[PDB]
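Novice: Provided hereafter are the protein sequence and its experimental coordinates.
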Protein chains: 2
Amino acid sequence: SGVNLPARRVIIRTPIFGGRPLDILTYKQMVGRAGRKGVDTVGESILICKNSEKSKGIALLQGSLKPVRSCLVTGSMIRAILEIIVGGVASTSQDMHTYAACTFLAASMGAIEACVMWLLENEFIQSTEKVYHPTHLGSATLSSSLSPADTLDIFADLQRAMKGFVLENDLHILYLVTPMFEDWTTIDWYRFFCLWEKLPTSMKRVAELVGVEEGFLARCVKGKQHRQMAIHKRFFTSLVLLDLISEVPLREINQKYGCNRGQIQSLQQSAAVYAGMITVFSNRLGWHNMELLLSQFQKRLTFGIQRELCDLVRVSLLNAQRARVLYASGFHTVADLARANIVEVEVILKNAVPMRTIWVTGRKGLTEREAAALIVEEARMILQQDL
Amino acid sequence: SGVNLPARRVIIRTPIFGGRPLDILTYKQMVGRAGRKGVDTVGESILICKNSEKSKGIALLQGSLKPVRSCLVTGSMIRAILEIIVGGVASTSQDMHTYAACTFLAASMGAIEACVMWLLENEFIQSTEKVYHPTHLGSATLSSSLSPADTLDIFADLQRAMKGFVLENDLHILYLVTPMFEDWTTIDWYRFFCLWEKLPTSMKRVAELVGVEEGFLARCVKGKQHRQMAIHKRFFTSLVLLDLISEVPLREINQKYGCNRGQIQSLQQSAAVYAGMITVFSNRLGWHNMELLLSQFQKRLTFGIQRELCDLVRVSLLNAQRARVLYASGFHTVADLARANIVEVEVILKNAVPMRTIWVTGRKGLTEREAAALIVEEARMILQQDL
């Protein structure tokens, strides 16, 4: 499903992918890369099958991808009506019924009117004379683009930071921006136990405040609760993210956290969007103090930087190390970095090694002389374009 | 200052005792045991002196006992007038001034009336038309026989356990009954730090609730606050006492807690009186809840037993082991221990070894057959005498 990777021959190992048979939908694009335009006159695919698996394998060759559905109580439809009656375009209930006539479900050929009552129960909409008007929680969910199923928990979770908050460490702030657990990595309980003990006094206070138990953490799982399970994995996700924003080596996290670099950036990119949705959610809800703490946490989770390098990182070619080594060069803001001597940044960028050898996302490789010039050149354009 | 120990010769090491010159008062009784009555016709005392210390040493010989004082703002006088006007005997202020004419200070030959004003400020006394009446705090302090200086802190300390309490472990209850630190032992910070880490999760919750800091505990003292000092040493006294009421061996405490067995009994006997004063203090103050929790903690601290052996220990001949081994013999209460077979308790008492060899306080040594018969015989008298 990714970027086009042309190749003359395509080989598939088994019709069974991860213990399950290969889907036809992904199979069409699975082979579709075979044959380069204007270079290769013939492209081929060789699916590999054994014993009785050939009967299952051949079915994909003569099979066709399944027809599309609408997937529309349903959690994907609650947001649908919330997206229209909160924007103010559709107010009368009868006109809302015509919206359900405009969807994919209607065009394919009851509970739609019974689903707005679900929103009525959860304070998302106030009932008036029927003509519906959004509430403070309803308008905040739409602006931040969260699913209404998740918001009910967040609203009761963010409001539980009202009772008690810690500020020495970023853990409690990070705990409220970790999205979920999904299946981003396989947990290691014994490894978590050793990490649980070595945690400092400040961080252990956070866990008790959000429901994580010191007495039960990597203790009962060894010897053997869905909402309690979604909290412990949420805490582990927050522990990993705190090391990410501390700029610890990514290799070191592997040796310490058990999850490899592939699932780390697939989480810090996903958790950075969450911090960009909680911040907007708290902005529209009139929580000006909470928006202050989470305002800078979207930029920190994306790039794995500290507070110091937030301004340096604004240049698109400084991801996580090209700004740290540059920061030690006496350049602490992007304003005066834009005025750096061109020949000066060449030597400092040469060092710190863990002709197109330096890499920048989007333009493949680059040479050091050009990229260092691009560091200043991009900094020129930022200073006057935003003022 | 203890029990008489006659001897024909008494020899003293140095006039300097513990880095200070020896007092005259203790010197009269220092060698007064020399010469047995009706056995020794001559008793002698030989003080050993060196170099120039002989001039200081001879002052002991020709010295006379220092004249007595009264030591009577003064903390020992606040209790003096509280103890009388709260009993109802002295009410009028002029009669109180007459009482101050009856003291040792008066008979030896201004601020007496000013010390009442100290009691007025601290709510110990309500002011009426001057005729004075007790308050709820004033009548509770007298009955429990606590110094008014200590009560002001206890009342706030015991009202902080009002808001938050823990019950799974006996630590927080023990924290409210540890008297002070005095100079019962020399603290070991590094050993406490290792002990601080190995504390379970439940006990560490108590320390944060009473002012003890996980971050600062055997951390700053190594690298280098009187009320903060008196709390940490209070916590150590409560930490030691919990092992005492867990029936752990006293030898093991020495290897683990660093304080010798001599200072342990000098604490558990002193801390047992405190539990007998806090319980009475809470009784008169109308706190019927922790009067229940602290009711059994005077007997536990005196004998270093658990809850199970509270009834067995009522017999004066079962201190801390003679009841534990007897408890495992199927005898769990003093009611049915009174009906035990005489020959049965002989064999069980013979075992558990860590003719008059078994020892009982107050009667020197005893033989096993007599003492085992005394275990039952004392239990006979208790059953009907108390009913």
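Specialist: That came through, no problem. Residues are numbered from 1 along each chain as shown, chains lettered A, B, ... in the order given.

Novice: buried ones in the longest helix belonging to chain A?
Specialist: Among the segments of chain A that qualify as a helix by DSSP state H, the longest is helix A:261-284. Neighbour-count burial for helix A:261-284 flags A:263-264, A:267-268, A:270-272, A:274-284 (criterion: 16 or more other CB atoms under 10 Å in any protein chain shown). Every residue, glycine included, has its C-beta placed from N, CA and C.

Novice: run through who's touching that helix.
Specialist: A:136, A:139-141, A:143-146, A:151, A:154, A:158, A:176-179, A:184-185, A:237, A:240-241, A:244, A:250-251, A:253-254, A:290-291, A:294-295, A:297-298, A:301-302, A:304 (CB atoms under 8 Å, 6 or more residues apart in numbering or on different chains).

Novice: just the buried residues out of the residues you listed, in ChimeraX syntax.
Specialist: To isolate the buried members of the contacts of helix A:261-284 in ChimeraX, using 16+ other CB under 10 Å:
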select /A:139,140,141,144,146,151,154,158,176,177,178,179,184,185,237,240,241,244,250,253,290,291,294,297,298,301,302,304
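
Novice: how about the secondary structure of whichever residue of the stretch 1-150 of chain A sits closest to chain B?
Specialist: Closest residue of the stretch 1-150 of chain A to chain B, CB to the nearest CB: residue A:150 (31.1 Å). Of the three states, residue A:150 takes helix according to DSSP: H, G, I helix; E, B strand; the rest coil.

Novice: can you tell me how far it is from residue B:195?
Specialist: Distance, residue A:150 to residue B:195, using CB to CB, to the nearest Å: 45 Å.

Novice: residue numbers of the stretch 101-250 of chain A in contact with chain B?
Specialist: A:201, A:202, A:214, A:215 (CB under 8 Å from any CB of the partner chain).

Novice: quick check on those: which are buried?
Specialist: Among these, the ones that count as buried (16+ other CB under 10 Å) are residue A:214.

Novice: what is the burial count for residue A:317?
Specialist: Using other CB atoms under 10 Å in any protein chain shown, residue A:317 is surrounded by 21 other residues.

Novice: and what of residue A:14?
Specialist: Neighbours of residue A:14 (other CB under 10 Å): 15.

Novice: what's the answer for the one 3 residues further on, then?
Specialist: For residue A:17, the tally of surrounding residues (other CB under 10 Å) stands at 14.

Novice: next up, phi/psi of it, please.
Specialist: phi -110, psi 110 (degrees, to the nearest 10).

Novice: tell me what it is bridged to.
Specialist: Under DSSP bridges, the beta-bridge partners of residue A:17 are residue A:20.

Novice: where along chain A do the strands fall?
Specialist: Remark: strands assigned in chain A by DSSP state E are A:9-12, A:16-17, A:20-21, A:44-47, A:125-128, A:131-134, A:358-359, A:365-366.

Novice: I'd like to know which of those lies nearest to residue A:232.
Specialist: Closest of those to residue A:232 is strand A:20-21, at 27.9 Å (criterion: CB to CB).

Novice: counting contacts, what elements does the closest one pack onto?
Specialist: With contacts defined as 3 or more CB pairs under 8 Å, 6 or more residues apart in numbering or on different chains; DSSP states H and E, strand A:20-21 has no helix or strand neighbours.

Novice: residues in contact with that strand?
Specialist: A:15, A:56.

Novice: from the stretch 251-387 of chain A, which residue is nearest to chain B?
Specialist: residue A:256 (20.4 Å).

Novice: phi and psi next, for the nearest residue to residue A:50 once chain neighbours are set aside.
Specialist: Spatial nearest neighbour of residue A:50, excluding adjacent residues (CB to CB, 6 or more residues apart in numbering or on different chains): residue A:14 at 7.8 Å. When read as degrees, to the nearest 10, the backbone of residue A:14 gives phi -140, psi 150.

Novice: surely residue A:14 meets residue A:56?
Specialist: No. Using CB atoms under 8 Å, residue A:14 makes no contact with residue A:56, being 9.7 Å away.

Novice: which neighbours do these two share?
Specialist: residue A:49.

Novice: enumerate every residue touching the residue lying closest to residue A:174 once chain neighbours are set aside.
Specialist: Nearest residue to residue A:174, sequence neighbours excluded (CB to CB, 6+ apart): residue A:238, at 4.5 Å. Residue A:238 makes contact with A:171, A:174, A:175, A:178, according to CB under 8 Å, 6+ apart.

Novice: for residue A:238, give its distance to residue A:274.
Specialist: Residue A:238 is 11 Å from residue A:274, by CB to CB.

Novice: now residue A:118
Specialist: 24 Å.

Novice: what do you get for residue A:288?
Specialist: 20 Å.

Novice: cool, and residue A:141?
Specialist: 14 Å.

Novice: also residue A:220?
Specialist: Where residue A:274 is concerned, residue A:220 sits at a distance of 28 Å (CB to CB).

Novice: and for residue A:16?
Specialist: 34 Å.

Novice: swap in residue A:110?
Specialist: Counting by CB to CB, the gap from residue A:110 to residue A:274 is 35 Å.

Novice: do the same with residue A:345
Specialist: 34 Å.

Novice: kindly report the same for residue A:105.
Specialist: Counting by CB to CB - residue A:105 and residue A:274 are separated by 30 Å.

Novice: wait, isn't residue A:87 in contact with residue A:143?
Specialist: No. Contact criterion CB under 8 Å: residue A:87 and residue A:143 do not qualify, at 10.3 Å.

Novice: show me the contacts for the nearest residue to residue A:346 once chain neighbours are set aside.
Specialist: Of all residues not flanking residue A:346 in the chain, residue A:372 sits nearest, at 5.1 Å (CB to CB, 6+ apart). Residue A:372 sits next to A:342, A:345, A:346, A:349 when contact means CB under 8 Å, 6+ apart.

Novice: what sits against the last one?
Specialist: Right, residue A:349. So residue A:349 contacts A:322, A:325, A:326, A:358, A:368, A:371, A:372, A:375 (CB under 8 Å, 6+ apart).

Novice: surely residue A:7 meets residue A:34?
Specialist: Yes. Applying CB under 8 Å, one finds residue A:7 in contact with residue A:34, separated by 6.5 Å.

Novice: the two: who's more crowded?
Specialist: residue A:34 (17 against 12).

Novice: number of residues surrounding the nearest residue to that one once chain neighbours are set aside?
Specialist: Sequence neighbours aside, residue A:43 is the residue nearest to residue A:34 in space, at 3.4 Å (criterion: CB to CB, 6+ apart). Look at residue A:43: counted by other CB under 10 Å, it has 16 neighbours.

Novice: residue A:43 contacts residue A:35, correct?
Specialist: Yes. Counting by CB under 8 Å, residue A:43 sits close enough to residue A:35 to count as a contact (2.7 Å).

Novice: identify the contacts common to the two.
Specialist: Shared contacts of residue A:43 and residue A:35, counting by CB under 8 Å, 6+ apart, come down to residue A:8.

Novice: how much space between the most centrally placed residue in chain A and residue A:179?
Specialist: Centroid check for chain A by CA atoms, centre = their mean gives residue A:270 as the closest residue, at 0.9 Å. Noted for residue A:270: a distance of 6 Å to residue A:179, by CB to CB.
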